[PDB]
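Undergrad: Input: one structure, supplied below.
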Amino acid sequence: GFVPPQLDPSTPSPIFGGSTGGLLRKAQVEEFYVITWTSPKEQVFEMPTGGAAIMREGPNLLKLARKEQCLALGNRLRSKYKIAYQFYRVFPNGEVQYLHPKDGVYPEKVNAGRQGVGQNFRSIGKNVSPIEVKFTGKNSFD
Amino acid sequence: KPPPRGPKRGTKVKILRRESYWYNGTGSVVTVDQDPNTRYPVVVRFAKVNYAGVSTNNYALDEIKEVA
Amino acid sequence: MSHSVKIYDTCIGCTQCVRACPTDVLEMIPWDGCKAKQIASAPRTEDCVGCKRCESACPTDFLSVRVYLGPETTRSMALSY
Amino acid sequence: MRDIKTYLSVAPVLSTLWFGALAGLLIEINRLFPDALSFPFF
Amino acid sequence: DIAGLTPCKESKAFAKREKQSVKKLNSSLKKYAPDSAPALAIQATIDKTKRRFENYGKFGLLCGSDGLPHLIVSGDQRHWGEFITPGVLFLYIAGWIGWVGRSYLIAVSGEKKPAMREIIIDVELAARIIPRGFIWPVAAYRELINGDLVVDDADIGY
Amino acid sequence: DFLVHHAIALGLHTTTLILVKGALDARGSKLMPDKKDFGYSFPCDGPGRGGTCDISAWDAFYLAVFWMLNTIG
Ligand SMILES: CCCCCCCCCCCCCCCCCC(=O)OC[C@H](CO[C@@H]1O[C@H](CO[C@H]2O[C@H](CO)[C@H](O)[C@H](O)[C@H]2O)[C@H](O)[C@H](O)[C@H]1O)OC(=O)CCCCCCCCCCCCCCCCC
Ligand code: CLA
Ligand SMILES: CC1=C(/C=C/C(C)=C/C=C/C(C)=C/C=C/C=C(C)/C=C/C=C(C)/C=C/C2=C(C)CCCC2(C)C)C(C)(C)CCC1
Ligand SMILES: CC1=C(/C=C/C(C)=C/C=C/C(C)=C/C=C/C=C(C)/C=C/C=C(C)/C=C/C2=C(C)CCCC2(C)C)C(C)(C)CCC1
Ligand SMILES: CC1=C(/C=C/C(C)=C/C=C/C(C)=C/C=C/C=C(C)/C=C/C=C(C)/C=C/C2=C(C)CCCC2(C)C)C(C)(C)CCC1
Ligand SMILES: CC1=C(/C=C/C(C)=C/C=C/C(C)=C\C=C\C=C(C)\C=C\C=C(C)\C=C\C2=C(C)CCCC2(C)C)C(C)(C)CCC1
Ligand code: SF4
Ligand code: SF4
Ligand code: SF4
């Protein structure tokens, strides 16, 4: 897979006063997220957790608590200003993980190379009754 | 020349499938894809809309009765 | 693995779920079982939050993607604290 | 004109006039037969 | 005299109720002019409830131990002017309505989108379908005879 | 006593209706024909396709307990 990650660097942050939507104990103990994109021009955009702020020129760096907010902001940036982006996960050990594209091409369209994790080749009605599988680990949809 | 499967056109069909909204239902064929790599090549319109708002879906031939 | 996603061959490869997946779970892969020659896949069920909006879109006979519930975790619960 | 006819054939107004007529019939019967408890005809 | 219920053509508590009612009405009556239209309507209602008591004392109404009418629906047509005849009359009316509605719907089913005629009735077709009520017992009858009233294994769609 | 007995029969029949609907329609109705694979008590099956609040058979027992208390009262 010639789809390498980008190893999220430490680049400046958007101009924002700092507010009660930031991180909490969770981010400092378990995990948090960082979304990163390059911007075309200093404009205004509403952060997910409150108010609005301005971005800068070049690459950006925003931190957030949960992946859902990051991806919501990313879809907003892709449907409002037509720019690409990534977001990374961080662990308190110091690890950094690359999550969303996994190839660079959106998961919206086809790109061979992805495996087939979690298919069942039978219509929904073919599932069986729990009695046939009771007292076991298996379930009907498996 | 290779015999195209599925009814011809306009043939009112009776649904044999159980896990659809139209089980024992009377629909109308709109086309059938002659490709033998399909797995549900017929498609049927109805006069009763289901819960999801849809009014069309796919089937194989086994779940059809070519009623008339 | 907290929740669970299943996909069935009544998938017409229309690709509404992925466009509506909130937390980047599903995707498409090349198949041979529809015109679009593409079927769903769920290799990212960890971040599966559990909202049914995905299968609230699939316009098939009854459904083609199911979201079976299971145990809970820290990320499957939208926790932010 | 025909537009106002098709509009008048819309269920709300038709129902209102029908119910008004029925209620008028019932109240007139009650007027002409006060308290009308039994069937003193047969 | 079913279970001892005497008709209030002969009981007493009925007379007591009647007396007390007309008495309170009359005592209320003497607070206006003897000719004022409100007093006139008061006297009108007085004589009206009086003749009501009279009518009740004309049609075999078996009458409670407390001075109240009490229906006798046990099946004996002796007291039938309460249930049997009004029952069959209302059954006739209900069959009328049910049959006319069913016939209208069965008719209008054959159109492009019958919903447009289910929200906005075909008042012409409605008028030429409605008076058929006089046929509802017999017509449906033949239907069941010819089995054209019910269906066997057509459930959804139509 | 006649009127009260009729009200009691009403309560009986309607509570029976609630419970029997919960029993027979537990395997699945056209709203969710494959319900029999979700186990007994589940929150719901999503807000789409018409909304599916209070559809488990546990929810049927739930909606019946009210009428049971009412009839016994
Ligand atoms: C608990 C669950 C179990 C199930 C539920 C069971 C619960 C119990 C339900 C009980 C329901 C009982 C209801 C009885 C209502 C009877 C209505 C009625 O009999 O009504 C009859 C009354 C009669 O009124 C009384 O009529 C009396 C008749 O007097 C007669 O009797 C006199 C005696 O001296 C004379 O001899 C002479 O015969 C005659 O004047 C007196 O005039 C009284 O003053 C007067 O109040 O009204 C009229 O006559 C109206 C005009 C005639 C209408 C009918 C004939 C026309 C056919 C239908 C045409 C369409 C019209 C439809 C109208 C539908 C409604 C009526
Ligand atoms: C003429 C039309 C018509 C006919 C023949 C029937 C017939 C029946 N209905 Mg029903 N129904 C109707 C309309 C009709 N319905 C409408 C419009 C509604 C919605 C308000 C319902 C709601 C309904 C329920 C909720 C239930 C039934 C049930 C039943 C069955 C037992 C009878 C009963 O309990 O009714 C009781 C009486 C009613 C519910 C009153 C409804 C009748 C309406 C007011 C008449 C409509 C006439 C039309 C709209 C006006 C236009 C006139 C014309 C000019 C076009 C029986 C097959 C029961 C069943 O499943 O039995 C197995 C049952 O549980 N019906
Ligand atoms: C607008 C409109 C509407 C509404 C409507 C309505 C609201 C209606 C109502 C109606 C009504 C609400 C009616 C009522 C009526 C009433 C009546 C009609 C009454 C009568 C009475 C009488 C008639 C009486 C008489 C008398 C006297 C006076 C004294 C002597 C004796 C006697 C009793 C006879 C709709 C929704 C459709 C839609 C939109 C439009
Ligand atoms: C003007 C106007 C107004 C007002 C209105 C109103 C207020 C109205 C009312 C109305 C009404 C208030 C109505 C009512 C009606 C009622 C009726 C009409 C009733 C009837 C009844 C009957 C009909 C009964 C019958 C019966 C039965 C069912 C049982 C058996 C027997 C008998 C017969 C009893 C306003 C300002 C707001 C606005 C503008 C306009
Ligand atoms: C005058 C008179 C008479 C007659 C009467 C009549 C003829 C009446 C009619 C009446 C009528 C014509 C009635 C109707 C009614 C109807 C109704 C009342 C309905 C109801 C409905 C409901 C209640 C609903 C329900 C539901 C649904 C559908 C949804 C789901 C759930 C439920 C179940 C809740 C007689 C001779 C008897 C006696 C004397 C007086
Ligand atoms: C008289 C009387 C009595 C007796 C009663 C009885 C014995 C009853 C029975 C009842 C029964 C045992 C019933 C059954 C039934 C069955 C069936 C199966 C039904 C059916 C129905 C139908 C079929 C209808 C149809 C129709 C028409 C015709 C019209 C409307 C529309 C329609 C189409 C729905 C006594 C003395 C106790 C009390 C008083 C009253
Ligand atoms: S749950 Fe349904 S909607 Fe929420 S992410 Fe997993 S798939 Fe997309
Ligand atoms: S389920 Fe509906 S949306 Fe998801 S893949 Fe199959 S068709 Fe496309
Ligand atoms: S309320 Fe109705 S819709 Fe909202 S979640 Fe519970 S079930 Fe789904």
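Quick note on naming: the chains in the structure tokens go A, B, ... in the order shown, residues restart at 1 in each chain, and ligands are numbered from 1 in order of appearance.
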At a cut-off of 8 Å and counting only C-alpha atoms and all ligand atoms, what residues surround ligand 3? Please answer as a tab-separated table (two decimals) with N, CA and C atoms, in the first residue's frame.

TA:
```tsv
chain	number	residue	atom	x	y	z
D	11	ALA	N	-62.42	17.51	2.26
D	11	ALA	CA	-63.13	16.88	3.38
D	11	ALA	C	-63.48	17.80	4.55
D	12	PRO	N	-62.64	18.76	4.98
D	12	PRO	CA	-63.04	19.63	6.10
D	12	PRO	C	-64.40	20.30	5.96
D	13	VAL	N	-64.60	21.05	4.88
D	13	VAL	CA	-65.83	21.84	4.75
D	13	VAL	C	-67.03	20.93	4.54
D	14	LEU	N	-66.87	19.90	3.71
D	14	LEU	CA	-67.93	18.92	3.52
D	14	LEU	C	-68.34	18.29	4.84
D	15	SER	N	-67.35	17.91	5.65
D	15	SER	CA	-67.63	17.30	6.94
D	15	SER	C	-68.33	18.28	7.87
D	16	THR	N	-67.89	19.54	7.88
D	16	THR	CA	-68.51	20.52	8.76
D	16	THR	C	-69.98	20.70	8.41
D	17	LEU	N	-70.29	20.85	7.11
D	17	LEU	CA	-71.68	21.04	6.73
D	17	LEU	C	-72.51	19.79	6.99
D	20	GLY	N	-73.13	19.65	10.73
D	20	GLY	CA	-74.10	20.66	11.09
D	20	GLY	C	-75.52	20.24	10.76
D	21	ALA	N	-75.71	19.68	9.56
D	21	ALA	CA	-77.04	19.22	9.17
D	21	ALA	C	-77.52	18.09	10.07
D	23	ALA	N	-76.59	17.41	13.19
D	23	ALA	CA	-76.87	17.94	14.52
D	23	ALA	C	-78.18	18.71	14.53
D	24	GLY	N	-78.44	19.49	13.47
D	24	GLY	CA	-79.72	20.18	13.37
D	24	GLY	C	-80.88	19.21	13.34
D	27	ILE	N	-81.30	17.80	16.97
D	27	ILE	CA	-81.87	18.75	17.92
D	27	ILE	C	-83.32	19.04	17.59
D	28	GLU	N	-83.68	19.04	16.30
D	28	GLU	CA	-85.08	19.24	15.95
D	28	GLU	C	-85.94	18.06	16.38
D	31	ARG	N	-86.49	18.43	19.97
D	31	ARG	CA	-87.50	19.45	20.22
D	31	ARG	C	-88.90	18.89	20.04
```

Undergrad: Would you give me, as JSON lines, each residue of chain D having an atom within 6 Å of an atom of ligand 1, along with its shortest atom pair and that distance in Å to one decimal, using only C-alpha atoms and all ligand atoms and sorting by chain and residue number?

TA:
```
{"residue": "D:29", "atom": "CA", "partner": "ligand 1", "partner_atom_place_in_ligand_line": "50 (C)", "distance": 5.8}
{"residue": "D:33", "atom": "CA", "partner": "ligand 1", "partner_atom_place_in_ligand_line": "46 (O)", "distance": 4.0}
{"residue": "D:34", "atom": "CA", "partner": "ligand 1", "partner_atom_place_in_ligand_line": "46 (O)", "distance": 4.3}
{"residue": "D:35", "atom": "CA", "partner": "ligand 1", "partner_atom_place_in_ligand_line": "46 (O)", "distance": 5.0}
{"residue": "D:36", "atom": "CA", "partner": "ligand 1", "partner_atom_place_in_ligand_line": "24 (O)", "distance": 3.8}
{"residue": "D:37", "atom": "CA", "partner": "ligand 1", "partner_atom_place_in_ligand_line": "16 (C)", "distance": 5.2}
{"residue": "D:38", "atom": "CA", "partner": "ligand 1", "partner_atom_place_in_ligand_line": "16 (C)", "distance": 4.6}
{"residue": "D:39", "atom": "CA", "partner": "ligand 1", "partner_atom_place_in_ligand_line": "19 (O)", "distance": 3.4}
{"residue": "D:40", "atom": "CA", "partner": "ligand 1", "partner_atom_place_in_ligand_line": "28 (C)", "distance": 5.3}
```

Undergrad: Given a cut-off of 7 Å, what residues near ligand 9 show up using only C-alpha atoms and all ligand atoms, put as a count of residues only?

TA: 9

Undergrad: Return as a list in words every polymer residue, whether protein, DNA or RNA, with at least one atom no more than 8 Å from an atom of ligand 6; count only C-alpha atoms and all ligand atoms.

TA: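 Final answer, ordered by chain and number: residues 73, 74, 75, 83, 84, 87, 94, 95, 96, 97, 98, 99, 102, 136, 137, 140, 141 and 149 of chain E.
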
Undergrad: Now that the selection is made, can you save its residues with N, CA, C and O atoms as a PDB file, in the first residue's frame?

TA:
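File out_15.pdb, as written:
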```
ATOM      1  N   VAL E  73     -83.937  -5.457  29.642  1.00  0.00           N
ATOM      2  CA  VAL E  73     -83.381  -5.899  28.372  1.00  0.00           C
ATOM      3  C   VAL E  73     -83.228  -7.421  28.325  1.00  0.00           C
ATOM      4  O   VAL E  73     -82.406  -7.935  27.571  1.00  0.00           O
ATOM      5  N   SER E  74     -84.016  -8.150  29.116  1.00  0.00           N
ATOM      6  CA  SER E  74     -83.822  -9.586  29.279  1.00  0.00           C
ATOM      7  C   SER E  74     -84.197 -10.397  28.047  1.00  0.00           C
ATOM      8  O   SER E  74     -83.979 -11.613  28.043  1.00  0.00           O
ATOM      9  N   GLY E  75     -84.759  -9.774  27.009  1.00  0.00           N
ATOM     10  CA  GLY E  75     -85.164 -10.462  25.796  1.00  0.00           C
ATOM     11  C   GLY E  75     -86.668 -10.536  25.617  1.00  0.00           C
ATOM     12  O   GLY E  75     -87.149 -10.579  24.481  1.00  0.00           O
ATOM     13  N   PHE E  83     -84.881  -1.753  24.091  1.00  0.00           N
ATOM     14  CA  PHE E  83     -83.682  -2.296  23.464  1.00  0.00           C
ATOM     15  C   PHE E  83     -83.943  -2.890  22.087  1.00  0.00           C
ATOM     16  O   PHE E  83     -83.262  -2.517  21.128  1.00  0.00           O
ATOM     17  N   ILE E  84     -84.899  -3.811  21.961  1.00  0.00           N
ATOM     18  CA  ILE E  84     -84.980  -4.645  20.762  1.00  0.00           C
ATOM     19  C   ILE E  84     -85.239  -3.794  19.525  1.00  0.00           C
ATOM     20  O   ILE E  84     -84.465  -3.817  18.560  1.00  0.00           O
ATOM     21  N   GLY E  87     -82.595  -1.185  19.030  1.00  0.00           N
ATOM     22  CA  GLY E  87     -81.383  -1.895  18.663  1.00  0.00           C
ATOM     23  C   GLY E  87     -81.352  -2.259  17.193  1.00  0.00           C
ATOM     24  O   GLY E  87     -80.368  -1.999  16.497  1.00  0.00           O
ATOM     25  N   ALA E  94     -76.435   1.540  11.051  1.00  0.00           N
ATOM     26  CA  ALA E  94     -75.007   1.255  10.994  1.00  0.00           C
ATOM     27  C   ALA E  94     -74.660   0.433   9.762  1.00  0.00           C
ATOM     28  O   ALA E  94     -73.632   0.675   9.120  1.00  0.00           O
ATOM     29  N   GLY E  95     -75.493  -0.552   9.425  1.00  0.00           N
ATOM     30  CA  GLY E  95     -75.265  -1.311   8.209  1.00  0.00           C
ATOM     31  C   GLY E  95     -75.349  -0.444   6.971  1.00  0.00           C
ATOM     32  O   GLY E  95     -74.538  -0.579   6.053  1.00  0.00           O
ATOM     33  N   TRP E  96     -76.344   0.446   6.925  1.00  0.00           N
ATOM     34  CA  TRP E  96     -76.420   1.480   5.902  1.00  0.00           C
ATOM     35  C   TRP E  96     -75.073   2.166   5.710  1.00  0.00           C
ATOM     36  O   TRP E  96     -74.505   2.174   4.610  1.00  0.00           O
ATOM     37  N   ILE E  97     -74.560   2.753   6.794  1.00  0.00           N
ATOM     38  CA  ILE E  97     -73.344   3.561   6.698  1.00  0.00           C
ATOM     39  C   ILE E  97     -72.159   2.701   6.273  1.00  0.00           C
ATOM     40  O   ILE E  97     -71.378   3.076   5.388  1.00  0.00           O
ATOM     41  N   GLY E  98     -71.998   1.539   6.906  1.00  0.00           N
ATOM     42  CA  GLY E  98     -70.875   0.679   6.575  1.00  0.00           C
ATOM     43  C   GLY E  98     -70.887   0.251   5.123  1.00  0.00           C
ATOM     44  O   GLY E  98     -69.869   0.330   4.427  1.00  0.00           O
ATOM     45  N   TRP E  99     -72.049  -0.194   4.639  1.00  0.00           N
ATOM     46  CA  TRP E  99     -72.140  -0.654   3.261  1.00  0.00           C
ATOM     47  C   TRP E  99     -71.898   0.478   2.276  1.00  0.00           C
ATOM     48  O   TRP E  99     -71.202   0.288   1.274  1.00  0.00           O
ATOM     49  N   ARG E 102     -68.172   1.263   2.233  1.00  0.00           N
ATOM     50  CA  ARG E 102     -67.415   0.196   1.591  1.00  0.00           C
ATOM     51  C   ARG E 102     -67.608   0.215   0.083  1.00  0.00           C
ATOM     52  O   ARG E 102     -66.647   0.048  -0.677  1.00  0.00           O
ATOM     53  N   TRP E 136     -78.487  -2.511   1.673  1.00  0.00           N
ATOM     54  CA  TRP E 136     -77.355  -3.041   2.429  1.00  0.00           C
ATOM     55  C   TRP E 136     -77.598  -4.429   3.019  1.00  0.00           C
ATOM     56  O   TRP E 136     -76.654  -5.237   3.007  1.00  0.00           O
ATOM     57  N   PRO E 137     -78.791  -4.786   3.539  1.00  0.00           N
ATOM     58  CA  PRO E 137     -78.969  -6.167   4.002  1.00  0.00           C
ATOM     59  C   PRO E 137     -78.905  -7.167   2.860  1.00  0.00           C
ATOM     60  O   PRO E 137     -78.130  -8.127   2.904  1.00  0.00           O
ATOM     61  N   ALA E 140     -75.216  -7.151   0.264  1.00  0.00           N
ATOM     62  CA  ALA E 140     -74.138  -7.856   0.947  1.00  0.00           C
ATOM     63  C   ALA E 140     -74.454  -9.337   1.076  1.00  0.00           C
ATOM     64  O   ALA E 140     -73.578 -10.188   0.881  1.00  0.00           O
ATOM     65  N   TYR E 141     -75.715  -9.656   1.381  1.00  0.00           N
ATOM     66  CA  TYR E 141     -76.180 -11.033   1.430  1.00  0.00           C
ATOM     67  C   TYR E 141     -75.699 -11.816   0.216  1.00  0.00           C
ATOM     68  O   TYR E 141     -74.899 -12.752   0.337  1.00  0.00           O
ATOM     69  N   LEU E 149     -67.412 -11.099  -0.937  1.00  0.00           N
ATOM     70  CA  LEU E 149     -67.312 -10.179   0.187  1.00  0.00           C
ATOM     71  C   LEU E 149     -65.963 -10.227   0.882  1.00  0.00           C
ATOM     72  O   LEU E 149     -65.508  -9.201   1.396  1.00  0.00           O
TER      73      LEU E 149
END
```

Undergrad: List all protein, DNA and RNA residues that have any atom at most 6 Å from ligand 5, counting only C-alpha atoms and all ligand atoms, and write the list as a PyMOL selection string.

TA: chain E and resi 86+90+93

Undergrad: Please provide the set of residues having any atom within 7 Å of stretch 39-41 of chain F, restricted to only C-alpha atoms, with same-chain residues fewer than 4 positions apart removed, written as an MDAnalysis selection string.

TA: chainID F and resid 56:58

Undergrad: Any chance you can output those residues with N, CA, C and O atoms as an mmCIF file, in the first residue's frame?

TA:
```
data_model
loop_
_atom_site.group_PDB
_atom_site.id
_atom_site.type_symbol
_atom_site.label_atom_id
_atom_site.label_comp_id
_atom_site.auth_asym_id
_atom_site.auth_seq_id
_atom_site.Cartn_x
_atom_site.Cartn_y
_atom_site.Cartn_z
ATOM 1 N N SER F 56 -40.090 -3.153 21.755
ATOM 2 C CA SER F 56 -39.758 -4.436 22.354
ATOM 3 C C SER F 56 -40.990 -5.042 23.021
ATOM 4 O O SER F 56 -41.955 -4.351 23.346
ATOM 5 N N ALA F 57 -40.955 -6.361 23.220
ATOM 6 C CA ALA F 57 -42.046 -7.003 23.947
ATOM 7 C C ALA F 57 -41.969 -6.700 25.438
ATOM 8 O O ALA F 57 -43.003 -6.637 26.120
ATOM 9 N N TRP F 58 -40.753 -6.526 25.960
ATOM 10 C CA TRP F 58 -40.584 -5.926 27.276
ATOM 11 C C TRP F 58 -41.368 -4.628 27.368
ATOM 12 O O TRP F 58 -42.038 -4.363 28.371
#
```

Undergrad: Enumerate, in order of chain and increasing residue number, the residues of chain F with an atom no farther than 10 Å from chain B, each with its shortest atom pair and distance in Å to one decimal, counting only C-alpha atoms, as a Markdown table.

TA:
```
| residue | atom | partner | partner_atom | distance |
| --- | --- | --- | --- | --- |
| F:28 | CA | B:19 | CA | 10.0 |
| F:29 | CA | B:21 | CA | 9.5 |
| F:30 | CA | B:21 | CA | 5.9 |
| F:31 | CA | B:51 | CA | 7.6 |
| F:32 | CA | B:19 | CA | 9.0 |
| F:33 | CA | B:19 | CA | 6.3 |
| F:34 | CA | B:19 | CA | 7.7 |
| F:48 | CA | B:52 | CA | 7.3 |
| F:49 | CA | B:52 | CA | 4.2 |
| F:50 | CA | B:51 | CA | 6.0 |
| F:51 | CA | B:51 | CA | 9.3 |
```

Undergrad: Just to be explicit: take each residue in the selection above, keep C-alpha atoms, and write the result as a PDB file, in the first residue's frame.

TA:
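For reference, result-v1.pdb as written:
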```
ATOM      1  CA  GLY F  28     -41.553  -9.830  14.337  1.00  0.00           C
ATOM      2  CA  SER F  29     -44.095  -7.771  12.406  1.00  0.00           C
ATOM      3  CA  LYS F  30     -43.774  -5.991   9.078  1.00  0.00           C
ATOM      4  CA  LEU F  31     -42.262  -3.061  10.989  1.00  0.00           C
ATOM      5  CA  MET F  32     -39.357  -5.307  12.062  1.00  0.00           C
ATOM      6  CA  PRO F  33     -39.745  -8.892  10.821  1.00  0.00           C
ATOM      7  CA  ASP F  34     -36.324  -9.946  12.174  1.00  0.00           C
ATOM      8  CA  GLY F  48     -35.971   6.326  10.835  1.00  0.00           C
ATOM      9  CA  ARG F  49     -38.499   4.448   8.702  1.00  0.00           C
ATOM     10  CA  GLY F  50     -41.301   5.950  10.788  1.00  0.00           C
ATOM     11  CA  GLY F  51     -39.706   5.873  14.234  1.00  0.00           C
TER      12      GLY F  51
END
```

Undergrad: Counting only C-alpha atoms and all ligand atoms, what are the residues, protein, DNA or RNA alike, that approach ligand 8 to within 7 Å? I want them as a list in words.

TA: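 Taking only C-alpha atoms and all ligand atoms into account, the residues around ligand 8 at most 7 Å away are residues 10, 11, 12, 13, 14, 15, 16, 17, 18, 39, 40, 55, 57, 58, 59, 60, 63, 64 and 65 of chain C.
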
Undergrad: Would you compute the distance between atom 22 (C, counted along the ligand's line) of ligand 2 and atom CA of residue F:11? Give it in Å to one decimal.

TA: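 One can read the atom 22 (C, counted along the ligand's line) of ligand 2 to atom CA of residue F:11 distance as 20.1 Å.
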
Undergrad: Which chains and residue numbers are within 6 Å of ligand 7, counting only C-alpha atoms and all ligand atoms, if I want them as a ChimeraX atom specification?

TA: /C:21-23,25,48-54

Undergrad: Create the file for the chosen residues now, containing N, CA, C and O atoms and written as a PDB file, in the first residue's frame.

TA:
```pdb
ATOM      1  N   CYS C  21     -22.155   8.191   7.534  1.00  0.00           N
ATOM      2  CA  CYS C  21     -21.481   7.657   8.709  1.00  0.00           C
ATOM      3  C   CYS C  21     -20.835   8.793   9.485  1.00  0.00           C
ATOM      4  O   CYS C  21     -19.965   9.485   8.942  1.00  0.00           O
ATOM      5  N   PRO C  22     -21.215   9.022  10.742  1.00  0.00           N
ATOM      6  CA  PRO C  22     -20.683  10.190  11.456  1.00  0.00           C
ATOM      7  C   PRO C  22     -19.225  10.059  11.840  1.00  0.00           C
ATOM      8  O   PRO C  22     -18.526  11.076  11.882  1.00  0.00           O
ATOM      9  N   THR C  23     -18.742   8.855  12.142  1.00  0.00           N
ATOM     10  CA  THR C  23     -17.413   8.691  12.719  1.00  0.00           C
ATOM     11  C   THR C  23     -16.511   7.788  11.883  1.00  0.00           C
ATOM     12  O   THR C  23     -15.639   7.109  12.427  1.00  0.00           O
ATOM     13  N   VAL C  25     -16.741   4.914   9.843  1.00  0.00           N
ATOM     14  CA  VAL C  25     -16.734   3.482  10.116  1.00  0.00           C
ATOM     15  C   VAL C  25     -16.729   2.698   8.811  1.00  0.00           C
ATOM     16  O   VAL C  25     -15.795   1.936   8.538  1.00  0.00           O
ATOM     17  N   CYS C  48     -17.518   2.759  16.056  1.00  0.00           N
ATOM     18  CA  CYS C  48     -18.952   2.712  15.796  1.00  0.00           C
ATOM     19  C   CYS C  48     -19.690   3.249  17.012  1.00  0.00           C
ATOM     20  O   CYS C  48     -19.754   2.588  18.052  1.00  0.00           O
ATOM     21  N   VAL C  49     -20.240   4.456  16.886  1.00  0.00           N
ATOM     22  CA  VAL C  49     -20.910   5.087  18.016  1.00  0.00           C
ATOM     23  C   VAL C  49     -22.201   4.356  18.351  1.00  0.00           C
ATOM     24  O   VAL C  49     -22.484   4.071  19.520  1.00  0.00           O
ATOM     25  N   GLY C  50     -23.001   4.038  17.340  1.00  0.00           N
ATOM     26  CA  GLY C  50     -24.219   3.274  17.539  1.00  0.00           C
ATOM     27  C   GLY C  50     -25.478   3.938  17.032  1.00  0.00           C
ATOM     28  O   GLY C  50     -26.551   3.324  17.113  1.00  0.00           O
ATOM     29  N   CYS C  51     -25.411   5.164  16.526  1.00  0.00           N
ATOM     30  CA  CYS C  51     -26.590   5.796  15.955  1.00  0.00           C
ATOM     31  C   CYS C  51     -27.000   5.066  14.686  1.00  0.00           C
ATOM     32  O   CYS C  51     -26.157   4.662  13.885  1.00  0.00           O
ATOM     33  N   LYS C  52     -28.302   4.874  14.518  1.00  0.00           N
ATOM     34  CA  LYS C  52     -28.814   4.093  13.401  1.00  0.00           C
ATOM     35  C   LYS C  52     -28.890   4.882  12.103  1.00  0.00           C
ATOM     36  O   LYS C  52     -29.381   4.340  11.104  1.00  0.00           O
ATOM     37  N   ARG C  53     -28.412   6.131  12.093  1.00  0.00           N
ATOM     38  CA  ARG C  53     -28.546   6.976  10.910  1.00  0.00           C
ATOM     39  C   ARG C  53     -28.022   6.289   9.658  1.00  0.00           C
ATOM     40  O   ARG C  53     -28.535   6.530   8.560  1.00  0.00           O
ATOM     41  N   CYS C  54     -26.999   5.445   9.797  1.00  0.00           N
ATOM     42  CA  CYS C  54     -26.492   4.694   8.660  1.00  0.00           C
ATOM     43  C   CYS C  54     -27.609   3.846   8.076  1.00  0.00           C
ATOM     44  O   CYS C  54     -28.008   4.044   6.926  1.00  0.00           O
TER      45      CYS C  54
END
```

Undergrad: Got a sec to tell me which of stretch 5-71 of chain E DSSP assigns to alpha helix (DSSP H), as JSON, numbers by chain?

TA: {"E": [13, 14, 15, 16, 17, 18, 19, 20, 21, 22, 23, 24, 25, 26, 27, 28, 29, 37, 38, 39, 40, 41, 42, 43, 44, 45, 46, 47, 48, 49, 50, 51, 52, 53, 54, 55, 56]}

Undergrad: Considering only C-alpha atoms, return as a ChimeraX atom specification whatever protein or nucleic-acid residues lie within 9 Å of residue A:59, sequence-local ones (same chain, fewer than 2 positions apart) excluded.

TA: /A:11-13,36-39,56-57,61

Undergrad: Atom CA of residue E:45 to atom 11 (C, counted along the ligand's line) of ligand 4: how many Å, to one decimal?

TA: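 Spanning atom CA of residue E:45 to atom 11 (C, counted along the ligand's line) of ligand 4 is a straight-line distance of 24.4 Å.
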
Undergrad: Can you pull out every residue from stretch 10-41 of chain C that DSSP, working from the backbone, puts in strand (DSSP E or B), and format the result as a list in words?

TA: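 Strand (DSSP E or B) assignments inside stretch 10-41 of chain C correspond to residues 27, 28, 29, 30, 38, 39, 40 and 41 of chain C.
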
Undergrad: Which residues are near ligand 2 in this structure, taking near to mean any atom at most 8 Å from a ligand atom and counting only C-alpha atoms and all ligand atoms? Format them as a ChimeraX atom specification.

TA: /E:97-102,104-105,121,123,126-127,129-130
